[PDB]
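Summary of structural features
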Amino acid sequence: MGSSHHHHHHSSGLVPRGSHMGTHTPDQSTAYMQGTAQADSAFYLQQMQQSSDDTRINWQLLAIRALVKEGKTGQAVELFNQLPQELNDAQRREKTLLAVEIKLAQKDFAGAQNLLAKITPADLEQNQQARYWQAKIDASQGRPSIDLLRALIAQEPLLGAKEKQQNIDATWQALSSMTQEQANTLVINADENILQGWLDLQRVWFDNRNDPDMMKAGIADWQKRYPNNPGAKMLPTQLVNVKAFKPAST
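Residues numbered from 1 in each chain as written, not as in the entry; some residues may be left out. Heavy atoms only, no water.

The name the PDB entry gives the chain is Penicillin-binding protein activator LpoA, with Escherichia coli as the organism. For this entry, the PDB record gives the title as "E. coli LpoA N-terminal domain".

See below:
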(Lines give C-alpha, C1' and ligand atoms only; values in the text may rest on other atoms or scores of the structure.)
Protein backbone atom coordinates (compact mmCIF):
# COMPACT_ATOMS: atom_id res chain seq x y z
CA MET A 1 0.00 0.00 0.00
CA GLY A 2 1.02 3.60 -0.48
CA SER A 3 1.05 6.17 2.29
CA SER A 4 -1.77 8.63 1.69
CA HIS A 5 -2.58 10.49 4.91
CA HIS A 6 -3.04 7.85 7.59
CA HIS A 7 -2.51 9.28 11.06
CA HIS A 8 -4.38 9.50 14.37
CA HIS A 9 -8.11 9.82 13.77
CA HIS A 10 -10.14 10.21 16.97
CA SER A 11 -12.99 11.70 14.98
CA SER A 12 -13.72 12.94 11.46
CA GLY A 13 -12.64 16.43 12.46
CA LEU A 14 -14.91 18.45 14.68
CA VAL A 15 -13.59 22.01 14.70
CA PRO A 16 -14.62 23.87 17.88
CA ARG A 17 -14.78 27.63 18.14
CA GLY A 18 -11.42 28.78 19.39
CA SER A 19 -12.37 32.19 18.09
CA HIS A 20 -14.85 34.66 19.59
CA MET A 21 -15.92 35.74 16.09
CA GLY A 22 -15.28 39.27 14.89
CA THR A 23 -17.74 42.00 15.77
CA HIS A 24 -19.96 41.90 12.72
CA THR A 25 -23.70 42.42 12.96
CA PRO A 26 -25.94 39.36 12.57
CA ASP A 27 -28.36 38.63 9.82
CA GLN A 28 -30.68 36.00 11.26
CA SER A 29 -29.57 36.07 14.88
CA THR A 30 -31.02 39.57 15.15
CA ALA A 31 -33.94 38.90 12.80
CA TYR A 32 -35.59 36.76 15.43
CA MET A 33 -34.79 39.55 17.84
CA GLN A 34 -36.73 41.76 15.42
CA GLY A 35 -39.63 39.45 15.00
CA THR A 36 -38.84 39.42 11.35
CA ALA A 37 -37.64 35.87 11.60
CA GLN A 38 -39.21 32.97 13.47
CA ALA A 39 -37.65 29.95 15.11
CA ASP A 40 -37.57 28.00 18.33
CA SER A 41 -35.32 28.27 21.36
CA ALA A 42 -34.08 25.01 19.91
CA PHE A 43 -32.55 26.86 16.95
CA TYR A 44 -31.05 29.57 19.13
CA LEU A 45 -29.73 26.69 21.23
CA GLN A 46 -28.69 24.54 18.30
CA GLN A 47 -26.34 27.20 17.00
CA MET A 48 -25.25 28.39 20.41
CA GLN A 49 -23.36 25.20 21.16
CA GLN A 50 -21.93 25.35 17.60
CA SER A 51 -21.14 29.05 17.60
CA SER A 52 -18.25 31.12 18.93
CA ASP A 53 -17.88 32.70 22.40
CA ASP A 54 -19.78 35.97 21.97
CA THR A 55 -22.01 34.33 19.44
CA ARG A 56 -23.00 31.61 21.89
CA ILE A 57 -24.39 34.33 24.09
CA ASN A 58 -25.54 36.25 20.99
CA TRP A 59 -27.62 33.22 20.01
CA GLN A 60 -28.66 32.92 23.63
CA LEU A 61 -30.08 36.46 23.40
CA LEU A 62 -32.72 34.62 21.48
CA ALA A 63 -32.47 31.20 23.12
CA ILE A 64 -33.16 32.24 26.69
CA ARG A 65 -35.64 34.84 25.50
CA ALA A 66 -37.57 32.16 23.63
CA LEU A 67 -37.09 29.48 26.28
CA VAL A 68 -38.79 31.52 28.99
CA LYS A 69 -41.59 32.47 26.61
CA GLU A 70 -41.95 28.76 26.33
CA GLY A 71 -42.05 28.84 30.08
CA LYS A 72 -38.92 26.90 30.80
CA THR A 73 -37.13 29.22 33.15
CA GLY A 74 -34.41 27.17 34.72
CA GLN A 75 -33.70 26.04 31.25
CA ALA A 76 -33.44 29.62 30.32
CA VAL A 77 -31.40 30.15 33.47
CA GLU A 78 -28.89 27.36 32.89
CA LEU A 79 -27.83 28.87 29.66
CA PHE A 80 -28.36 32.30 31.11
CA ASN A 81 -25.48 31.04 33.20
CA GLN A 82 -23.75 30.58 29.89
CA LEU A 83 -24.01 34.27 28.81
CA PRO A 84 -21.60 36.88 30.22
CA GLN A 85 -22.50 39.04 33.10
CA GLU A 86 -20.42 41.92 31.84
CA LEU A 87 -20.85 42.55 28.14
CA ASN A 88 -20.41 45.70 26.19
CA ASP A 89 -22.84 48.36 27.20
CA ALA A 90 -25.48 47.48 24.64
CA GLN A 91 -24.71 43.77 24.59
CA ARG A 92 -25.18 43.76 28.34
CA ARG A 93 -28.73 44.88 27.68
CA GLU A 94 -29.17 42.17 25.07
CA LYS A 95 -28.64 39.37 27.62
CA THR A 96 -30.22 41.22 30.51
CA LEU A 97 -33.37 41.30 28.43
CA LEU A 98 -33.43 37.55 28.95
CA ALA A 99 -32.85 37.80 32.66
CA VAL A 100 -36.10 39.60 32.91
CA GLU A 101 -38.26 37.11 31.03
CA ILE A 102 -36.55 34.53 33.21
CA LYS A 103 -37.42 36.29 36.45
CA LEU A 104 -40.92 36.77 35.15
CA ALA A 105 -41.29 32.99 35.07
CA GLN A 106 -39.48 32.66 38.37
CA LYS A 107 -42.10 34.94 39.81
CA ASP A 108 -38.99 37.01 40.50
CA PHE A 109 -40.92 39.87 38.92
CA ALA A 110 -39.17 42.39 41.15
CA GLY A 111 -35.86 41.01 40.14
CA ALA A 112 -37.05 41.21 36.57
CA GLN A 113 -37.57 44.97 36.71
CA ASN A 114 -34.27 44.93 38.47
CA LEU A 115 -32.67 43.81 35.28
CA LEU A 116 -34.91 45.96 33.14
CA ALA A 117 -33.43 48.79 35.23
CA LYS A 118 -29.91 47.85 34.14
CA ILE A 119 -30.99 47.83 30.53
CA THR A 120 -31.41 50.94 28.51
CA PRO A 121 -34.03 50.78 25.75
CA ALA A 122 -32.86 53.98 24.23
CA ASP A 123 -29.63 52.07 23.88
CA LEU A 124 -30.65 48.66 22.61
CA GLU A 125 -32.85 48.08 19.48
CA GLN A 126 -36.20 49.79 19.04
CA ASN A 127 -37.63 46.36 18.85
CA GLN A 128 -35.41 45.06 21.63
CA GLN A 129 -37.07 47.85 23.55
CA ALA A 130 -40.40 46.25 22.95
CA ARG A 131 -38.95 42.84 23.84
CA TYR A 132 -37.60 44.47 26.98
CA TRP A 133 -40.87 46.31 27.63
CA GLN A 134 -43.04 43.22 27.24
CA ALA A 135 -40.93 41.86 30.10
CA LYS A 136 -41.49 45.09 31.98
CA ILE A 137 -45.22 45.19 31.77
CA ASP A 138 -45.10 41.52 32.77
CA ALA A 139 -43.18 42.53 35.85
CA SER A 140 -45.76 45.17 36.32
CA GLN A 141 -48.50 42.50 36.35
CA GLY A 142 -50.96 45.18 37.06
CA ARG A 143 -48.73 46.42 39.75
CA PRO A 144 -50.05 49.98 40.31
CA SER A 145 -46.78 51.81 39.76
CA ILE A 146 -45.15 53.95 37.08
CA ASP A 147 -42.98 51.22 35.55
CA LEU A 148 -46.20 49.83 34.16
CA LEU A 149 -47.08 53.06 32.28
CA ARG A 150 -43.35 53.60 31.88
CA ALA A 151 -43.31 50.25 30.10
CA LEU A 152 -46.41 49.87 27.87
CA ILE A 153 -46.18 53.53 26.89
CA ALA A 154 -42.63 52.71 26.15
CA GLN A 155 -43.56 49.99 23.65
CA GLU A 156 -46.32 52.17 22.14
CA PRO A 157 -43.96 53.65 19.42
CA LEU A 158 -42.70 50.17 18.75
CA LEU A 159 -46.14 48.60 18.49
CA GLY A 160 -49.31 49.48 16.62
CA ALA A 161 -52.48 51.41 17.08
CA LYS A 162 -53.89 48.02 17.50
CA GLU A 163 -51.43 47.25 20.26
CA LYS A 164 -52.01 50.72 21.48
CA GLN A 165 -55.53 49.85 22.67
CA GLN A 166 -53.64 47.30 24.78
CA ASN A 167 -50.99 49.81 25.84
CA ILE A 168 -53.73 52.35 26.53
CA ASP A 169 -55.51 49.76 28.65
CA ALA A 170 -52.50 48.38 30.50
CA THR A 171 -51.35 51.96 31.10
CA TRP A 172 -54.71 52.82 32.53
CA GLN A 173 -54.34 49.55 34.39
CA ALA A 174 -51.78 51.43 36.36
CA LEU A 175 -53.56 54.77 36.57
CA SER A 176 -56.86 53.21 37.61
CA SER A 177 -55.18 51.13 40.28
CA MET A 178 -52.39 53.50 41.14
CA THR A 179 -53.02 56.35 43.47
CA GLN A 180 -52.86 60.08 42.95
CA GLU A 181 -50.19 60.23 45.46
CA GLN A 182 -48.50 57.30 43.79
CA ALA A 183 -48.89 58.91 40.51
CA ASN A 184 -47.52 62.01 42.31
CA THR A 185 -44.56 60.12 43.64
CA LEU A 186 -43.69 58.22 40.48
CA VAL A 187 -40.44 58.51 38.59
CA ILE A 188 -40.84 59.49 34.95
CA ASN A 189 -38.57 58.99 32.02
CA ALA A 190 -36.56 61.32 29.88
CA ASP A 191 -39.45 61.74 27.43
CA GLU A 192 -41.65 62.70 30.35
CA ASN A 193 -44.52 63.19 27.91
CA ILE A 194 -46.87 60.38 28.10
CA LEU A 195 -46.19 59.02 31.51
CA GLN A 196 -47.03 61.80 33.97
CA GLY A 197 -49.51 62.92 31.35
CA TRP A 198 -51.41 59.69 31.71
CA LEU A 199 -51.70 60.34 35.41
CA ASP A 200 -53.31 63.78 34.93
CA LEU A 201 -56.12 61.73 33.47
CA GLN A 202 -56.34 59.43 36.49
CA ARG A 203 -56.12 62.65 38.52
CA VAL A 204 -59.41 63.61 36.94
CA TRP A 205 -60.48 59.92 37.06
CA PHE A 206 -59.79 59.57 40.79
CA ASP A 207 -62.47 62.18 41.31
CA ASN A 208 -64.63 62.02 38.21
CA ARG A 209 -65.50 58.36 37.26
CA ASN A 210 -68.87 58.46 39.03
CA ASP A 211 -69.21 62.09 37.94
CA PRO A 212 -69.86 61.66 34.24
CA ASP A 213 -70.29 65.18 33.06
CA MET A 214 -66.79 65.96 34.26
CA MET A 215 -65.23 62.50 33.74
CA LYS A 216 -65.78 62.06 30.01
CA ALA A 217 -65.12 65.76 29.75
CA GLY A 218 -62.10 65.37 31.94
CA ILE A 219 -61.09 62.60 29.61
CA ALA A 220 -61.62 64.80 26.63
CA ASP A 221 -59.84 67.37 28.75
CA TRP A 222 -56.67 65.46 29.40
CA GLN A 223 -56.56 64.24 25.84
CA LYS A 224 -56.19 67.90 24.87
CA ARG A 225 -53.46 68.39 27.34
CA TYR A 226 -51.56 65.39 26.14
CA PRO A 227 -52.75 64.64 22.55
CA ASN A 228 -49.26 63.35 22.37
CA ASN A 229 -50.39 60.62 24.73
CA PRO A 230 -51.67 57.42 23.09
CA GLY A 231 -54.66 57.65 25.35
CA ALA A 232 -55.53 61.13 24.08
CA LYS A 233 -56.15 59.63 20.68
CA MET A 234 -57.79 56.55 22.07
CA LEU A 235 -58.93 56.40 25.70
CA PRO A 236 -59.05 53.37 28.05
CA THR A 237 -62.26 51.80 29.31
CA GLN A 238 -61.90 52.61 33.00
CA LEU A 239 -62.19 56.37 32.46
CA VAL A 240 -64.54 55.52 29.72
CA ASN A 241 -66.38 53.92 32.51
CA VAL A 242 -68.18 57.20 32.68
CA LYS A 243 -69.95 56.04 29.54
CA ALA A 244 -70.10 52.70 31.13
CA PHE A 245 -70.95 54.30 34.46
CA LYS A 246 -74.25 54.25 36.32
CA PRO A 247 -77.36 56.46 35.46
CA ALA A 248 -76.32 59.96 34.38
CA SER A 249 -79.65 61.83 34.65
CA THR A 250 -79.93 61.48 30.87
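Before going further, it helps to examine unusual backbone geometry. With phi around 50 degrees, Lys107 is a residue other than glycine that occupies positive phi space. Looking at the element boundaries, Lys107 is found in the loop between α5 (89-103) and α6 (109-116). We note that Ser249 has phi near 70 degrees; this positive angle belongs to a residue other than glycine. By the secondary structure assignment, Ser249 is in the segment after α13 (212-225). The exposure class of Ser249 is exposed, given its relative accessible area of 81%. (Helix = DSSP H or I, 4+ residues; strand = E, 2+ residues; numbered from the N terminus. Buried < 20%, exposed > 50% of the residue type's maximum accessible area, 1.4 Å probe, protein only.)

It is worth spelling out the packing of helix α10 (residues 161-175) against helix α12 (residues 194-208) at this point. Direction vectors running N to C along α10 and α12 enclose 55 degrees, while the axes themselves pass 10 Å from each other. It follows from the interaxial angle that α10 and α12 lie oblique. Here α10 and α12 pass one another in a crossing that is right-handed. Contacts from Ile168, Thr171, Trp172 and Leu175 of α10 reach α12 at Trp198, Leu199, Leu201, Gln202, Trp205 and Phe206. A per-class count over the contact of α10 with α12 returns eight nonpolar, two polar and no charged. (Axes fitted to C-alpha atoms, helices over the stretch in contact; angles between N-to-C directions. Parallel < 35°, antiparallel > 145°, perpendicular 65-115°, else oblique. Left-handed = near helix turned anticlockwise from the far one by under 90°. Contact = heavy atoms within 4.5 Å. Nonpolar A, V, L, I, M, F, W, Y, C, P; charged D, E, K, R; others polar.)

Take the packing of aromatic side chains next. In this structure the tally under the stated criterion is 10 aromatic pairs. On the numbers, 5.8 Å between centres and 40 degrees between planes, the contact of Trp172 with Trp198 is tilted. On the criterion of sequence distance, the pair formed by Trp172 in helix α10 and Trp198 in helix α12 is long-range, its members being 26 residues apart. Given a relative accessible area of 0%, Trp198 falls into the buried group. On the numbers, 5.8 Å between centres and 80 degrees between planes, the contact of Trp172 with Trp205 is edge-to-face. With a gap of 33 residues between them, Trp172 in helix α10 and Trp205 in helix α12 connect regions that are remote in the sequence. Residues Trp172 and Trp205 agree in their burial class; the two are buried. Counting every residue linked through ring pairs, the aromatic cluster contains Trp172, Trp198, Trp205, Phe206 and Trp222. (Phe/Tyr/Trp six-rings, centres within 6.5 Å; stacked < 30°, edge-to-face > 60°.)

Our next topic: the domain arrangement of the chain. Reports of interface size often rely on the accessible area that becomes lost once the parts have come together. What the domain assignment lists for the chain is domain 1 (17-141) and domain 2 (142-250). In this structure, domain 1 and domain 2 have C-alpha centres spaced 31 Å apart. Every contact between the two is made by 11 residues of domain 1 and, on the other side, 10 residues of domain 2. Between domain 1 and domain 2 the total buried area reaches about 910 Å² when both faces are included, carbon and sulfur atoms providing 61% of it. (Domains from an automatic or database assignment. Buried area = accessible area lost by both parts, 1.4 Å probe.)

We now examine the environment of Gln126. Within the secondary structure layout, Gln126 lies in helix α7 (residues 126-133). A residue is classified by how much of its surface remains accessible, and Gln126, at 52% relative accessible area, is exposed. The spacing of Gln126 and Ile146 is 20 residues in sequence and 21 Å in space, taken between C-alpha atoms. Side-chain polar atoms of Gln126 contact the side chain of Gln129, separated by 2.7 Å. (Polar contact = N/O pair within 3.5 Å; in protein donor to acceptor, adjacent residues only side chain to side chain.)

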